[PDB]
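Here's a solo chain for you in structure tokens, the form deposited in one PDB entry.
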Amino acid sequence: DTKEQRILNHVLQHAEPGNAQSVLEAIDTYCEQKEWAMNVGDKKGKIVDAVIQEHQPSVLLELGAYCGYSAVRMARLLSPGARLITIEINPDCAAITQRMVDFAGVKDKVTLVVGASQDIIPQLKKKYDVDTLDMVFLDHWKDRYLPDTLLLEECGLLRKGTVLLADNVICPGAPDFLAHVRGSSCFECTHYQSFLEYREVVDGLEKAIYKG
């Protein structure tokens, strides 16, 4: 019985099926008052809602699914016919992402890619019928932000106007990535100060728009 298993257990009991918003509040109050978990949280989540609602992307890439909290959060706001792909290396996390997604009724617009982001990014175009990504949400291991950004650029998955949204830019921090995107003339950057999930600590989301 793992931590990620009780969180699905909570949703399966307290959340009402087919309602993406409900699941969200289930995951939030469980982690909020029983066990801490590396979900984006509601407070930066409300920012991703504002950012997704604005740029209204057709194809969106997530790096690191975990329990599907952010996959639910993003995909419940996608226009009809929009796709979200979510890369997750851990088979156990990837099995629970799917369940969570099924419960929310969001299984039809979210495609799970089970594997290491570095291995599947070069295979993204061909295997999954992908031209360019309208938006990338980075939230996997922090050492992989920069590598995978150059990897996404290399494979030509980055389009002029692509929105990279990066989590945990203050805590635990993604300093090499932050340094590259803010300094690069390929990226136009905005910071949104928020708060680390389930805590009174200052975190924030960095938005970086590729320019070519």
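Start at 1 and count along the sequence shown; that's the residue number.
Novice: Determine, for stretches 114 to 122 and 134 to 142, which one has the higher mean CA B-factor as deposited.
Specialist: Per the deposited B-factors, the answer is 114 to 122.
Novice: For the stretches 25 to 33 and 62 to 70, which has the higher mean C-alpha B-factor as given in the deposited record?
Specialist: It is 25 to 33 that shows the higher mean C-alpha B-factor.
Novice: Which one of 149, 168, 185, 162 shows the top CA temperature factor in the record?
Specialist: The record points to 185.
Novice: Using the B-factor values recorded in the entry, state whether the Cα atom of residue 207 falls in the lowest, middle or highest third among the modelled residues of its chain.
Specialist: Lowest third.
Novice: Consider only the C-alpha atoms of the modelled residues in this chain, order them by B-factor as the entry records it, and name the third containing residue 83: lowest, middle or highest.
Specialist: Residue 83: CA B-factor falls in the middle third of its chain.
Novice: Split the chain's modelled residues into thirds by Cα B-factor; is residue 107 in the lowest, middle or highest one?
Specialist: For residue 107, whose C-alpha B-factor we compare with every modelled residue in the chain, the answer is the highest third.
Novice: Can you work out whether the C-alpha temperature factor of residue 176 puts it in the lowest, middle or highest third of the chain?
Specialist: Within its chain, residue 176 is a lowest-third residue by C-alpha B-factor, going by the deposited values.
Novice: Please rank the C-alpha B-factors of the chain's modelled residues and tell me whether residue 193 sits in the lowest, middle or highest third.
Specialist: According to the entry, residue 193 has a C-alpha B-factor in the chain's lowest third.
Omitted here: the form deposited in another entry. The next part is about that form.
Novice: Closer or farther apart in that other deposited form, the C-alpha atoms of residue 201 and residue 191, for a change of 3 Å or more?
Specialist: Farther: residue 201 and residue 191 separate by 3 Å or more in that other deposited form.
Novice: Hey, the CA atoms of residue 202 and residue 68 end up closer or farther in that other deposited form than in the shown form, with the change being 3 Å or more?
Specialist: Compared with this form, residue 202 and residue 68 lie closer in that other deposited form.
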